[PDB]
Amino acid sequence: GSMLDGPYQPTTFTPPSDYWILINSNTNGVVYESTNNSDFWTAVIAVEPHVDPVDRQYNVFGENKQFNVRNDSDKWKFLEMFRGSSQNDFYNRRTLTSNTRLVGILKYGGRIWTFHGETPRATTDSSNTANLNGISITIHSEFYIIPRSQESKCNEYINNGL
C-alpha cells in the first residue's frame, strides 16, 4: 500500500488498532458516529464558517438530537459530542477548528485518540473506554488510513492539508 492509503468511500467498520483514520469532511452535519454501545459514543458535527449560535437537529446513533452550535471563525469547526452512558445527554467534549477540513481518530494503547485545538497547531488527546475493540465507526465522508508510526505525517495533513 501507500503510507497514506485512500481515499475510501463512506462505510461502517471496526477500525484496526494503530492506524489513524483521517476523514476528509465535505459538508456540514455528522462526519462520523462511533460507539461500542456500552460506554463510548462520539459523534463529530461539522459546522461551516461564520455560524451564529443556532440550535440544529442531527440524527446520531438513530436518535434525533438538538445541539446548539456556533462558529465565529473563517475556518470550519468540528464538535466532538460525547456520552459515556446510554441515558446521559450528549455534551460537547472537544472542538477542532480547521482550515483543512480533516478530522482524525485512532485506536492506540487502550484508548481512542483525536485531534483538537486549532490548525495549524492542532494536537492529540485521549479518551478512555472499557471496550476498545467493540468500538465501530460509521464515517459519512471519504477517508484515509495512515499507520500510527507515521503520526508525524498525519499531524502535517491535519494541520496543513492534503
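Quick note: we count residues from 1 along the sequence shown, nothing fancier.
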| property | result |
| --- | --- |
| Between 122-130 and 62-70 (mean CA B-factor, as deposited), the higher | 62-70 |
| Entry-level comparison of average CA B-factors, 102-110 and 50-58, reporting the higher stretch | 50-58 |
| CA B-factor ranking of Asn26, expressed as a third of its chain | highest |
| Chain-wide C-alpha B factor ranking for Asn37, given as lowest, middle or highest third | highest |
| Chain-wide C-alpha B factor ranking for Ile158, given as lowest, middle or highest third | lowest |
| Ranked against its chain, the third holding the CA B-factor of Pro15 | highest |
